[PDB]
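Data block below; observations after.
Note: ideal-geometry Cβ built from the backbone for every residue, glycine included; neighbour counts use all protein chains shown. We did not get these values from a lab; they are worked out from the coordinates using the rules stated.
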Amino acid sequence: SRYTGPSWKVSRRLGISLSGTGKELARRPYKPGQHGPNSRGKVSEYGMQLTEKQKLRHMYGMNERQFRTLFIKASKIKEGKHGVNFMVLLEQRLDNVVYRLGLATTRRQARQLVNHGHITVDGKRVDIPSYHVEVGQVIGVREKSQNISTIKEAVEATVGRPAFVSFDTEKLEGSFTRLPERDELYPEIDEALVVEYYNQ
Amino acid sequence: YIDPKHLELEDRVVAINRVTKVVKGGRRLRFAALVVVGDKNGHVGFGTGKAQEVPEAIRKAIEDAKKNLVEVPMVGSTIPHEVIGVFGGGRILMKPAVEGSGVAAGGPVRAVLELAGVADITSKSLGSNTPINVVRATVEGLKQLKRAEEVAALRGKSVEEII
Amino acid sequence: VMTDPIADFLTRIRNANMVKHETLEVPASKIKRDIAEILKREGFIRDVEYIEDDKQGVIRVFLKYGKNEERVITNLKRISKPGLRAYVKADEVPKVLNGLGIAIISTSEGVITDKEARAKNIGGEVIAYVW
Amino acid sequence: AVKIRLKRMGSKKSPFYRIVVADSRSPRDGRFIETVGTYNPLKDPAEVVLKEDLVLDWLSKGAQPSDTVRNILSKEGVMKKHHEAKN
Amino acid sequence: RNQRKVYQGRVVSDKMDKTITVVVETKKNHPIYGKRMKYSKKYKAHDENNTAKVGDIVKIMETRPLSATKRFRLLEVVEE
Amino acid sequence: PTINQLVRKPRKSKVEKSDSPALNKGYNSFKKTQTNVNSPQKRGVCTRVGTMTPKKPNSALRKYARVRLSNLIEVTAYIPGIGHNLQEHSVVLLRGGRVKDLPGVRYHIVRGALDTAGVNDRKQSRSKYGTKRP
RNA sequence: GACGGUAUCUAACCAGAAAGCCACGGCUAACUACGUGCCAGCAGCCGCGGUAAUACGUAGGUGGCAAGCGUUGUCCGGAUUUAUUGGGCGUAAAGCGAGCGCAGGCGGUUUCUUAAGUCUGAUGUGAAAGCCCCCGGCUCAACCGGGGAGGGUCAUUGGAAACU
RNA sequence: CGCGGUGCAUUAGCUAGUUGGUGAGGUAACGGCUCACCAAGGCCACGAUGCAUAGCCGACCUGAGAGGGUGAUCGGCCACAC
Ligand SMILES: CN[C@@H]1[C@H](O)[C@H](NC)[C@H]2O[C@@]3(O)C(=O)C[C@@H](C)O[C@H]3O[C@@H]2[C@H]1O
Ligand SMILES: [K+]
Ligand SMILES: [K+]
Ligand SMILES: [K+]
Ligand SMILES: [K+]
Ligand SMILES: [K+]
Ligand SMILES: [K+]
Ligand SMILES: [K+]
Ligand SMILES: [Mg+2]
Ligand SMILES: [Mg+2]
Ligand SMILES: [Mg+2]
Ligand SMILES: [Mg+2]
Ligand SMILES: [Mg+2]
Ligand SMILES: [Mg+2]
Ligand SMILES: [Mg+2]
Ligand SMILES: [Mg+2]
Ligand SMILES: [Mg+2]
Ligand SMILES: [Mg+2]
């Protein structure tokens, strides 16, 4: 299953801007629903931990089952802070790599590109948005697809690339030079709360 | 003694208990508030305040907690060693945890640890759930915690020799 | 009747330490002397001396207290008991307060601390914990 | 008699084989005496891993390779070694 | 040559001719609590000439079945 | 207890019992005995249908049926939802579940299964009460 | 070559055929309207319902999850609620009314010795598959393959002698 | 053959080829396996016997672990074929 409902409603429920523009939050920064505009009681600790868990999974557009399995893998990693490793794996997810490279404006758009197969890894077609992208693997657009307005517009519009990504405009090929650092990731999200949530 | 001043203390309301005193006319309702105030750097205290109204009870408890601040040893993000703190019914066991594991603890212990500034720890409550007693038991365990430097100094050997 | 002189020795130290008594005395035995000297060289007790008598001898322990009369010995615990002996293999040797305490262990090489036991990679009978 | 034969493994439509010494009466995927190699027909040049010394020893003891295993051992040259050993 | 199990034990019955009953008297750790508990296994050993008496420490080596219950052969009598 | 005491008489734990015993026992017609089979539900025939008074705190006319299950055990089961079509000799399916109000009801009659008709006009929580999506 | 014109690949067309379930008084993330009036009904526990119900029914919203969702059944956990790890017995359940005592459990100091327990090494074995660790193959994963590790109060055999 | 893995003592006695011996026979083979004699022995509160339940295991589910539960599919062993 893939979520398709309104994007602004989800972002404002989480209280942070998923797209990062802040456009959703700017106007009417209330939780969705008729009781959102009026003052609401404080949230319990469980609610706070749940909200952080939802923040990450809604950011990357994943379902709970896949999210849970990914967290377990992050735990298996031996070195480094557990929450940091989990966020690193979330980044390496194939959809996010396309999004970071800027071939798509949004993660939904990057996901649809991957699903329709316009992307290729190391010159090979890959239709699995869930695909794990290692450091140094070259993500490129399918040659037939290179001449489509959507991806070209996204490239020209995206002006800021994270340090860890290296991209080439003409070739439309990118790759992660190194694993993203904690501060490079979203700081507003607190990985410790998610860790404790799944500790249950 | 730890002076509250010069420390950027923040508080959390652990529990707000509506207590009753029976009076000839009927019930006299008051609010008892348990508060934990901490510095997120190793200082934390707990205070109790009773008042007819919830905000006033909380304020009284906050002032009491500041008076009772204590400092907790910390090695990295976790406590030095395993410790069991017992007060009355309350009984808590707190163990160091690996970095990033989070705060595994329940209810009032969560507030005490977060406010103290401990980020990773494993805790189990073997006693009652009574919030006041569990908080007291928690601070008893933390006071039991010992610094490697202090132990090395006391025993007359270098910390390297100790470990 | 006394069924564990070792546990009696540990409890004598514990009681004397609780009241901050300056010294204490116990009937002497080889295992007790070993425990006392381990505490001496680990700095838990100030000093140890031996009195020779006609019964079994006596061992006198001078307790150690830090500045502000703080107790050096937090507590002592008897692990191996006559009711239930406790044996640990070389890899099972425990850590008392992550090394801030010690475990006295009797091995084929003698009575040694847990640090020494896992340095030699030998197990033994876990006589006591101290911290 | 003792057989050197292929025990099937892998998944549906994606077979793999372990060259194992087993008694003829035993089930194909059941009891076997020892594993002596592997065989992956799905590779364009069929990939074979073999413990040639162990296979030769079993042949000397009197094991009877099945037809496919005999072809595999021939391609690996074990059969010629066994022939020369008989000489 | 491979070796058969040999056990030490104490005779407890010699009222049968050409045979004795021995007791091994081992100890085993309780699975849950680990205390050592006294455990008694007894064997029926064939005596060649009824030499051994009751309450004798003797050694017995396992053998082929000599009777319904016999499986051991007397070797030595170390104490009377 | 001492370790020797525990050795001489080890710990023994309490044995639990089912809240829905009738579901735990099957019946073998040939041998004419009861078997030990855990079943999520069980088929029964309504020997009686009616209403019952709750316990003291509550007041209502709770709708119930006395049912003889396929294993010949007779129990009393509740009928959830508003309005039903059950009658005696109606074949029903029973699931576990107590009713706090009622004294001796330990099972619920599944709606939408066998002769139990779904609840008319149900529109929320339709899975329960066994109504199709309108 | 049964599978089988099966997997797969290529090309054209169309957002067009393809989202439900449960929950929202506290525990527990999720709230307001009507209708209802200790009735109808809910409910896992606390408990809701007597004319102004966030707890019933409907509606609108919201939360959880998702080709699933929920209910029941059964097992483990939470349960330290049989406590070896890891509880108790003055008043909450719990010291036999008291003693004499067989077996059993435990046992004062010390020299020597032994090596059953205890510790330790080597060897053999604890199949394969499955967990776990590395490395590979299926577009990913599931799955599959390779190589390891583990797993015994194990058997044989060599050491140590503090403790039993 | 050693050792390991269910409940019930509101189940305490059980055993008479039973326990052992000497022969004889029988079996692929040891053996009361069978038989004739000779003895009266053998098992049992370290649970005999009896009753009830059950195919055993590698493994699987849970648990921080100790452990608790399960014994489908897959493989090994065993047993059975109205
Ligand atoms: C006899 N006068 C009584 C007496 O003074 C009571 N106090 C002792 C007083 O107590 C009250 O003040 C109370 O507080 C209780 C109330 C039932 O009656 C009140 O009036 C109470 C007065 O009426
Ligand atoms: K509710
Ligand atoms: K205990
Ligand atoms: K008394
Ligand atoms: K020994
Ligand atoms: K005979
Ligand atoms: K069976
Ligand atoms: K038969
Ligand atoms: Mg799915
Ligand atoms: Mg006070
Ligand atoms: Mg080929
Ligand atoms: Mg409902
Ligand atoms: Mg809530
Ligand atoms: Mg409602
Ligand atoms: Mg338990
Ligand atoms: Mg009383
Ligand atoms: Mg009482
Ligand atoms: Mg547990």
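What the table shows:
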{"read-out": "Order of F:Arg66, B:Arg28 under a 10 Å beta carbon neighbour criterion, fewest first", "value": "B:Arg28, F:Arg66"}
{"read-out": "Nearby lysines by direct alpha-carbon distance to C:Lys30 (threshold 17 angstrom, same-chain neighbours under 8 apart not counted)", "value": "C:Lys40, C:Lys55"}
{"read-out": "Trypsin sites (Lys or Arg not before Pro) lying in DSSP loop within the range A:143-200, provided at most 11 other Cβ fall within 10 Å", "value": "A:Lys171"}
{"read-out": "Calculated from backbone phi, Karplus (6.51, -1.76, 1.60) coupling profile of the range C:81-88 in Hz, x at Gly/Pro", "value": "10, x, x, 8, 5, 10, 10, 10"}
{"read-out": "Rounded to the nearest 20 debye, dipole of the range A:1-136 from Cβ charges on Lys, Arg, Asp, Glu", "value": "500"}
{"read-out": "Computed over chain F: relative contact order in percent, which uses C-alpha pairs under 8 Å that are six or more apart", "value": "19"}
{"read-out": "Which listed pairs, of B:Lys66/C:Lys77; B:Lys143/C:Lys20; A:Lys53/F:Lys132; B:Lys157/C:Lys77, have C-alpha distances above 28 Å, in listed order", "value": "B:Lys66/C:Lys77; A:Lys53/F:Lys132"}
{"read-out": "Per-q log10 I(q)/I(0), the protein assembly as shown, q = 0.07 Å⁻¹ (Debye; single scatterer per alpha-carbon; no solvent)", "value": "-1.11"}
{"read-out": "All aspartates and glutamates inside 19 Å of D:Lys80 as judged from Cα atoms, apart from same-chain residues fewer than 8 positions distant", "value": "D:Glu52, D:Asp53, D:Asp57, D:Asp67"}
{"read-out": "Cα-based Rg / Dmax (Å) for chain A", "value": "17.4, 54"}
{"read-out": "Sparse-neighbourhood loop sites, GluC sites (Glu not before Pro) in the range F:7-93 - DSSP loop, at most 14 other Cβ within 10 angstrom", "value": "F:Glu16, F:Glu88"}
{"read-out": "Per-residue Cβ neighbour rank within 10 angstrom, fewest leading, D:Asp67, D:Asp53", "value": "D:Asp67, D:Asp53"}
{"read-out": "Span from the the range F:39-101 Cα centroid across to the the range D:1-20 one, whole angstrom", "value": "58"}
{"read-out": "Over the range B:1-138: Rg over Rh, Cα atoms, Kirkwood Rh", "value": "1.03"}
{"read-out": "Chain F - Debye-derived log10 I(q)/I(0), Cα point model, q = 0.18 Å⁻¹", "value": "-1.01"}
{"read-out": "Filter on D:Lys12/D:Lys75; E:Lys41/E:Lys70; A:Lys76/C:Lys89; A:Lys31/A:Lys55 - keep pairs with C-alpha separation over 18 Å", "value": "D:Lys12/D:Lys75; A:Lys76/C:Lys89"}
{"read-out": "Exceeding the 21 Å Cα-Cα cut-off - candidates D:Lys61/D:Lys86; C:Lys120/E:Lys28; D:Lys51/D:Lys86", "value": "C:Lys120/E:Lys28"}
{"read-out": "Averaged over E:30-37, number of beta-carbon atoms from partner chains that fall within 10 Å", "value": "5"}
{"read-out": "Gyration tensor verdict on chain C (Cα atoms; rounded if a/c is under 1.5, prolate if a/b is larger than b/c, oblate otherwise)", "value": "oblate"}
{"read-out": "Pairs of alpha carbons in chain D whose separation is greater than 17 Å (percent)", "value": "44"}
{"read-out": "For the protein assembly as shown, size of Cβ-based charge dipole, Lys and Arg +1, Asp and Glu -1, in debye", "value": "5080"}
{"read-out": "Residues of type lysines that B:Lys24 reaches as a straight line, Cα spacing below 26 Å, ignoring anything fewer than 8 places off in the same chain", "value": "B:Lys50"}
{"read-out": "Sequence of A:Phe86, F:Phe30, B:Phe31 once ranked by neighbouring C-beta atoms within 10 Å, starting from the fewest", "value": "F:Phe30, B:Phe31, A:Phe86"}
{"read-out": "Most positive-pole-ward Cα, E:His30, F:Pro40, D:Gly30, against dipole of the protein assembly as shown from beta carbon charges", "value": "F:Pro40"}
{"read-out": "Peptide C:93-100, shielding by other chains (average Cβ, 10 Å cutoff)", "value": "5"}
{"read-out": "Average partner coverage of A:72-85, which counts Cβ from other chains inside 10 Å", "value": "2"}
{"read-out": "Separation between Cα centres of the range C:102-131 and the range B:121-163, rounded to whole Å", "value": "24"}
